[PDB]
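Student: Just so it is clear, I am handing over final_27.txt, which has compact mmCIF, C-alpha atoms.
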```txt
# COMPACT_ATOMS: atom_id res chain seq x y z
CA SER A 193 -12.23 -37.92 -8.73
CA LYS A 194 -9.74 -37.04 -11.47
CA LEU A 195 -12.57 -35.68 -13.64
CA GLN A 196 -14.22 -33.60 -10.92
CA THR A 197 -10.84 -32.13 -9.92
CA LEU A 198 -10.01 -31.14 -13.50
CA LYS A 199 -13.44 -29.60 -14.02
CA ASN A 200 -13.38 -27.65 -10.74
CA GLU A 201 -9.85 -26.37 -11.31
CA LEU A 202 -10.90 -24.91 -14.67
CA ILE A 203 -14.03 -23.33 -13.14
CA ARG A 204 -11.85 -21.83 -10.39
CA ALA A 205 -9.34 -20.47 -12.91
CA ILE A 206 -12.03 -18.70 -14.96
CA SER A 207 -13.60 -17.27 -11.81
CA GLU A 208 -10.21 -15.97 -10.65
CA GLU A 209 -9.68 -14.26 -14.01
CA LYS A 210 -13.18 -12.76 -14.18
CA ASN A 211 -12.64 -11.28 -10.72
CA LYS A 212 -9.43 -9.56 -11.88
CA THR A 213 -11.22 -7.86 -14.78
CA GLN A 214 -13.02 -5.69 -12.23
CA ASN A 215 -11.57 -2.71 -10.40
CA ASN A 216 -11.05 -4.12 -6.89
CA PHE A 217 -8.53 -1.39 -5.96
CA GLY A 218 -10.56 1.82 -5.55
CA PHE A 219 -8.96 2.93 -8.81
CA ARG A 220 -10.53 6.10 -10.18
CA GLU A 221 -10.23 7.82 -13.56
CA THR A 222 -8.72 11.32 -13.55
CA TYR A 223 -10.59 14.20 -15.13
CA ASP A 224 -8.25 14.34 -18.14
CA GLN A 225 -8.57 10.50 -18.52
CA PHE A 226 -4.80 10.06 -17.98
CA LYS A 227 -3.98 12.59 -20.77
CA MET A 228 -6.11 10.57 -23.21
CA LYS A 229 -9.33 12.64 -22.96
CA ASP A 230 -7.76 15.05 -25.45
CA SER A 231 -5.70 12.44 -27.33
CA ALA A 232 -6.21 8.67 -27.72
CA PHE A 233 -9.81 8.52 -26.50
CA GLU A 234 -10.77 11.57 -28.55
CA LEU A 235 -9.79 9.70 -31.73
CA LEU A 236 -12.22 6.79 -31.30
CA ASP A 237 -15.89 6.01 -30.75
CA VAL A 238 -17.06 3.25 -28.43
CA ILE A 239 -16.39 -0.05 -30.22
CA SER A 240 -18.01 -2.63 -27.95
CA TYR A 249 -24.13 6.30 -33.79
CA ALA A 250 -22.10 5.53 -30.69
CA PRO A 251 -20.62 8.16 -28.35
CA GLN A 252 -17.03 9.30 -28.61
CA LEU A 253 -14.72 7.25 -26.39
CA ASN A 254 -13.68 10.35 -24.39
CA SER A 255 -17.28 11.34 -23.72
CA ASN A 256 -19.07 11.78 -20.39
CA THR A 257 -21.44 8.89 -21.02
CA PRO A 258 -21.77 5.57 -19.17
CA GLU A 259 -21.01 3.67 -22.39
CA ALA A 260 -17.69 5.46 -22.85
CA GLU A 261 -16.72 5.16 -19.18
CA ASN A 262 -17.33 1.41 -19.45
CA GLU A 263 -15.10 1.10 -22.52
CA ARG A 264 -12.28 3.26 -21.14
CA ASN A 265 -12.35 0.96 -18.14
CA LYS A 266 -11.58 -2.00 -20.42
CA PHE A 267 -8.29 -0.29 -21.28
CA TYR A 268 -7.64 0.32 -17.58
CA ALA A 269 -8.40 -3.35 -16.92
CA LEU A 270 -5.95 -4.40 -19.65
CA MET A 271 -3.29 -2.42 -17.73
CA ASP A 272 -4.34 -4.13 -14.45
CA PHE A 273 -5.69 -0.84 -13.06
CA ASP A 274 -2.07 0.31 -12.54
CA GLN A 275 -2.32 4.10 -12.28
CA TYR A 276 1.41 4.59 -12.93
CA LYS A 277 1.48 2.55 -16.15
CA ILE A 278 -1.78 4.05 -17.44
CA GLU A 279 -0.52 7.59 -16.81
CA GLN A 280 2.78 6.79 -18.56
CA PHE A 281 1.00 5.28 -21.56
CA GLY A 282 -1.40 8.21 -21.81
CA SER A 283 1.49 10.67 -21.71
CA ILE A 284 3.06 8.90 -24.68
CA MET A 285 -0.24 9.07 -26.58
CA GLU A 286 -0.42 12.77 -25.77
CA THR A 287 3.08 13.26 -27.20
CA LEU A 288 2.15 11.33 -30.35
CA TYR A 289 -1.05 13.35 -30.74
CA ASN A 290 0.97 16.57 -31.22
CA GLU A 291 1.39 15.69 -34.93
CA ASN A 292 -1.78 14.68 -36.75
CA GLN A 293 0.24 12.42 -39.05
CA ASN A 294 0.44 10.19 -35.93
CA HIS A 295 -3.30 9.97 -35.21
CA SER A 296 -3.84 6.78 -37.25
CA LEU A 297 -1.07 5.09 -35.27
CA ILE A 298 -2.68 6.13 -31.98
CA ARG A 299 -5.99 4.68 -33.19
CA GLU A 300 -4.38 1.35 -34.15
CA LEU A 301 -2.55 1.14 -30.79
CA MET A 302 -5.65 1.79 -28.70
CA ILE A 303 -7.89 -0.42 -30.86
CA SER A 304 -5.40 -3.28 -30.45
CA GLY A 305 -5.55 -2.94 -26.67
CA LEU A 306 -9.30 -2.50 -26.36
CA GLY A 307 -9.91 -5.42 -28.70
CA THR A 308 -7.52 -7.60 -26.71
CA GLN A 309 -9.35 -6.99 -23.44
CA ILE A 310 -12.82 -7.21 -24.98
CA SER A 311 -12.13 -10.57 -26.63
CA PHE A 312 -10.38 -11.82 -23.48
CA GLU A 313 -13.45 -11.10 -21.32
CA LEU A 314 -15.86 -12.63 -23.85
CA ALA A 315 -13.66 -15.75 -24.03
CA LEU A 316 -13.76 -16.21 -20.26
CA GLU A 317 -17.57 -16.27 -20.30
CA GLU A 318 -17.63 -18.55 -23.36
CA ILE A 319 -15.37 -21.10 -21.64
CA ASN A 320 -17.59 -20.97 -18.54
CA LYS A 321 -20.68 -21.58 -20.72
CA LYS A 322 -19.04 -24.50 -22.56
CA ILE A 323 -18.03 -26.18 -19.30
CA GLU A 324 -21.66 -26.22 -18.18
CA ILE A 325 -22.91 -27.50 -21.56
CA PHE A 326 -20.37 -30.33 -21.74
CA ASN A 327 -21.13 -31.13 -18.10
CA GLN A 328 -24.81 -31.69 -18.91
CA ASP A 329 -23.85 -33.72 -21.99
CA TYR A 330 -21.74 -35.87 -19.69
CA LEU A 331 -24.51 -36.15 -17.11
CA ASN A 332 -26.92 -37.15 -19.90
CA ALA A 333 -24.52 -39.93 -21.03
CA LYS A 334 -24.09 -38.19 -24.40
CA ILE A 335 -20.31 -38.19 -23.83
CA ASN A 336 -18.18 -40.25 -21.47
CA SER A 337 -15.48 -39.35 -18.94
CA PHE A 338 -12.74 -39.54 -21.56
CA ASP A 339 -14.67 -37.24 -23.90
CA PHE A 340 -15.36 -34.71 -21.13
CA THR A 341 -11.71 -34.80 -20.03
CA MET A 342 -10.58 -34.12 -23.61
CA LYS A 343 -12.93 -31.15 -23.91
CA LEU A 344 -11.79 -29.73 -20.55
CA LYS A 345 -8.14 -30.11 -21.57
CA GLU A 346 -8.92 -28.24 -24.80
CA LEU A 347 -10.76 -25.46 -22.96
CA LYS A 348 -7.83 -25.12 -20.55
CA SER A 349 -5.41 -24.91 -23.48
CA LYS A 350 -7.56 -22.10 -24.93
CA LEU A 351 -7.62 -20.34 -21.55
CA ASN A 352 -3.80 -20.53 -21.39
CA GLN A 353 -3.57 -19.05 -24.88
CA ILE A 354 -5.77 -16.01 -24.18
CA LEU A 355 -3.94 -15.43 -20.89
CA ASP A 356 -0.58 -15.65 -22.63
CA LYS A 357 -1.49 -13.37 -25.53
CA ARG A 358 -3.17 -10.79 -23.31
CA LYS A 359 0.05 -10.82 -21.26
CA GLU A 360 2.04 -10.40 -24.49
CA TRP A 361 0.17 -7.17 -25.31
CA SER A 362 0.91 -5.91 -21.79
CA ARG A 363 4.57 -6.89 -22.22
CA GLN A 364 4.78 -4.75 -25.36
CA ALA A 365 3.12 -1.83 -23.56
CA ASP A 366 5.61 -2.23 -20.68
CA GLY A 367 8.56 -2.04 -23.04
CA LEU A 368 7.07 0.93 -24.88
CA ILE A 369 6.58 2.77 -21.57
CA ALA A 370 10.08 1.88 -20.37
CA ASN A 371 11.65 2.92 -23.67
CA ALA A 372 9.80 6.14 -24.53
CA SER A 373 10.67 7.25 -20.97
CA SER A 374 14.41 6.53 -20.81
CA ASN A 375 15.25 6.98 -24.52
CA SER A 376 16.04 10.68 -24.98
CA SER A 377 15.69 10.48 -28.79
CA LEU A 378 12.00 9.56 -28.40
CA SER A 379 11.00 13.09 -27.28
CA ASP A 380 10.39 14.13 -30.91
CA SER A 381 6.79 13.23 -31.82
CA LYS A 382 7.56 12.04 -35.37
CA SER A 383 10.61 9.97 -34.37
CA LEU A 384 8.63 8.39 -31.54
CA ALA A 385 5.80 7.42 -33.91
CA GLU A 386 8.20 5.77 -36.36
CA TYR A 387 10.01 3.93 -33.55
CA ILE A 388 6.76 2.60 -32.05
CA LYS A 389 5.36 1.62 -35.43
CA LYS A 390 8.40 -0.54 -36.24
CA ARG A 391 9.03 -2.02 -32.76
CA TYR A 392 5.68 -2.55 -31.05
CA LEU A 393 2.64 -2.09 -33.31
CA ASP A 394 2.74 -5.43 -35.14
CA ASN A 395 3.38 -7.34 -31.92
CA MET A 396 0.38 -5.66 -30.27
CA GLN A 397 -1.91 -6.29 -33.25
CA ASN A 398 -0.70 -9.90 -33.51
CA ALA A 399 -1.48 -10.44 -29.83
CA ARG A 400 -4.98 -8.96 -30.29
CA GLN A 401 -5.64 -11.21 -33.28
CA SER A 402 -4.43 -14.27 -31.37
CA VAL A 403 -6.84 -13.65 -28.49
CA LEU A 404 -9.65 -13.15 -31.02
CA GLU A 405 -8.83 -16.38 -32.85
CA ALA A 406 -8.77 -18.31 -29.58
CA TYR A 407 -12.12 -16.78 -28.62
CA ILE A 408 -13.68 -17.74 -31.96
CA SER A 409 -12.30 -21.27 -31.67
CA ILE A 410 -14.11 -21.78 -28.32
CA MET A 411 -17.55 -20.88 -29.69
```
I need this file expressed as structure tokens, please.
Tutor:
Amino acid sequence: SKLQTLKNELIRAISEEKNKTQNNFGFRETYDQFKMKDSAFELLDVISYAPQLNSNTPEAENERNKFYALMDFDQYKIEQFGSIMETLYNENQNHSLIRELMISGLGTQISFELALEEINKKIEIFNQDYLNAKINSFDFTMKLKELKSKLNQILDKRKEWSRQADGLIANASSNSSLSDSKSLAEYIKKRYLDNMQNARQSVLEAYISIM
């Protein structure tokens, strides 16, 4: 059935994405938390009082792992990103930038994961509405199309954050000028920060629109 196929394909897509939010690679956090124990994670508390994000507590390990999940548990990229945060941290005029960068990434992954579960919940609710004759096949199809559009949006904007991080890693590595901490902070602020915050906000708005 056209309707059953559409519904099952969306359920499968959510399940595939939920599976990827878990470390299925034997990935393990280094003792210095990829140079962020004494830099980016030191500057924040757990956001999802609360313990510091660099702390040896299960709550902080869980939240650091959301950043690792955002980076697809890629040890190389996480180490590169942490090394750039460490460089930025050398000047305390850069600490607010480091906070904004990490908050934009954590918030992207947190909203992304909440949106996956919200879509899953809505599928089941609409399904029972359909089974109870409250809505018809057309109505259910329209809602599934809308949920799939919202899934595509959170996937695309989470990928956009990662694309900005990839360019930042590639550029702060191979651009010699970016070795100076102050120059690097200015460069990142003008090239990447707004794009990363705009991606975070877009995932959040899609999440809210599903509820």
Student: Counting only C-alpha atoms, which residues of segment 238-344 of chain A sit at most 9 Å from some atom of segment 373-392 of chain A, and what is each one's closest atom pair with its distance in Å to one decimal, listed by chain and rising residue number, as a Markdown table?
Tutor:
```
| residue | atom | partner | partner_atom | distance |
| --- | --- | --- | --- | --- |
| A:280 | CA | A:373 | CA | 8.3 |
| A:284 | CA | A:373 | CA | 8.6 |
| A:287 | CA | A:381 | CA | 5.9 |
| A:288 | CA | A:381 | CA | 5.2 |
| A:289 | CA | A:381 | CA | 7.9 |
| A:290 | CA | A:381 | CA | 6.7 |
| A:291 | CA | A:381 | CA | 6.7 |
| A:293 | CA | A:382 | CA | 8.2 |
| A:294 | CA | A:385 | CA | 6.4 |
| A:297 | CA | A:389 | CA | 7.3 |
| A:298 | CA | A:385 | CA | 8.8 |
```
Student: Suppose we keep C-alpha atoms; can you now write the selection as a JSON list (two decimals), in the frame of the given file?
Tutor:
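Writing the result to part_7.json gives the following:
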```json
[["chain", "number", "residue", "atom", "x", "y", "z"],
["A", 280, "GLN", "CA", 2.78, 6.79, -18.56],
["A", 284, "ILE", "CA", 3.06, 8.90, -24.68],
["A", 287, "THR", "CA", 3.08, 13.26, -27.20],
["A", 288, "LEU", "CA", 2.15, 11.33, -30.35],
["A", 289, "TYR", "CA", -1.05, 13.35, -30.74],
["A", 290, "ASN", "CA", 0.97, 16.57, -31.22],
["A", 291, "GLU", "CA", 1.39, 15.69, -34.93],
["A", 293, "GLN", "CA", 0.24, 12.42, -39.05],
["A", 294, "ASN", "CA", 0.44, 10.19, -35.93],
["A", 297, "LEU", "CA", -1.07, 5.09, -35.27],
["A", 298, "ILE", "CA", -2.68, 6.13, -31.98]]
```
Student: Of the candidates A:210, A:359, A:334, A:199, which shows the shortest atom-to-atom distance to residue 315 of chain A, using all atoms listed in the file?
Tutor: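 Answer, going by the shortest atom-to-atom distance: A:210.
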Student: Record the distance separating atom CA of residue 232 of chain A and atom CA of residue 408 of chain A, expressed in Å with one decimal.
Tutor: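 Between atom CA of residue 232 of chain A and atom CA of residue 408 of chain A the gap works out to 27.8 Å.
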Student: What gap, in Å, lies between atom CA of residue 253 of chain A and atom CA of residue 283 of chain A?
Tutor: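 If I compute the distance from atom CA of residue 253 of chain A to atom CA of residue 283 of chain A, I get 17.2 Å.
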Student: Could you give me the axis-aligned bounding box of segment 219-227 of chain A, with 5 Å of padding per side, as centre plus edge lengths in Å to one decimal, as lines of an AutoDock Vina configuration file?
Tutor:
```
center_x = -7.3
center_y = 8.6
center_z = -14.8
size_x = 16.6
size_y = 21.4
size_z = 22.0
```
Student: When you look at residue 209 of chain A with a cut-off of 10 Å (counting all atoms listed in the file), what residues show up, excluding the ones that are within fewer than 2 positions of it in the same chain? I need them as a PyMOL selection string.
Tutor: chain A and resi 204-207+211-214+312-313+316+351+355
Student: What does the distance from atom CA of residue 305 of chain A to atom CA of residue 397 of chain A come to in Å, to one decimal?
Tutor: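 Atom CA of residue 397 of chain A lies 8.2 Å from atom CA of residue 305 of chain A.
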Student: Tell me which of A:225, A:265, A:256, A:296 sits closest to residue 279 of chain A, counting only C-alpha atoms.
Tutor: A:225
Student: Which residue is closest to residue 319 of chain A? Choose from A:349, A:336, A:364, A:231 and count only C-alpha atoms.
Tutor: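 Among A:349, A:336, A:364, A:231, it is A:349 that comes nearest to residue 319 of chain A.
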Student: From the set A:195, A:285, A:410, A:347, which residue has the shortest atom-to-atom contact distance to residue 234 of chain A, counting all atoms listed in the file?
Tutor: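 Going through A:195, A:285, A:410, A:347 one by one, the smallest distance to residue 234 of chain A is for A:285.
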Student: Measuring atom to atom with all atoms listed in the file, identify which of A:252, A:407, A:350, A:260 is nearest to residue 314 of chain A.
Tutor: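 Smallest separation from residue 314 of chain A among the options: A:407.
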Student: For each of A:228, A:235, A:344, A:306, take the minimum atom-to-atom distance to residue 396 of chain A, counting all atoms listed in the file, then give the residue where this is smallest.
Tutor: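 Residue with the minimum atom-to-atom distance to residue 396 of chain A: A:306.
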Student: Need the neighbours of (-1.4, -12.6, -29.8): which residues are at most 8 Å away, counting only C-alpha atoms, as a list in words?
Tutor: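 Taken together, the residues in range are residues 354, 356, 357, 358, 360, 361, 395, 396, 397, 398, 399, 400, 401, 402 and 403 of chain A.
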Student: For the residues selected in the previous step, produce a file with C-alpha atoms as an mmCIF file, in the frame of the given file.
Tutor:
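Wrote again.cif, looks like this:
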```cif
data_model
loop_
_atom_site.group_PDB
_atom_site.id
_atom_site.type_symbol
_atom_site.label_atom_id
_atom_site.label_comp_id
_atom_site.auth_asym_id
_atom_site.auth_seq_id
_atom_site.Cartn_x
_atom_site.Cartn_y
_atom_site.Cartn_z
ATOM 1 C CA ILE A 354 -5.770 -16.010 -24.180
ATOM 2 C CA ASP A 356 -0.580 -15.650 -22.630
ATOM 3 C CA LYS A 357 -1.490 -13.370 -25.530
ATOM 4 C CA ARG A 358 -3.170 -10.790 -23.310
ATOM 5 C CA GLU A 360 2.040 -10.400 -24.490
ATOM 6 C CA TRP A 361 0.170 -7.170 -25.310
ATOM 7 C CA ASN A 395 3.380 -7.340 -31.920
ATOM 8 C CA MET A 396 0.380 -5.660 -30.270
ATOM 9 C CA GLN A 397 -1.910 -6.290 -33.250
ATOM 10 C CA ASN A 398 -0.700 -9.900 -33.510
ATOM 11 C CA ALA A 399 -1.480 -10.440 -29.830
ATOM 12 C CA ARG A 400 -4.980 -8.960 -30.290
ATOM 13 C CA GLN A 401 -5.640 -11.210 -33.280
ATOM 14 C CA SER A 402 -4.430 -14.270 -31.370
ATOM 15 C CA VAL A 403 -6.840 -13.650 -28.490
#
```
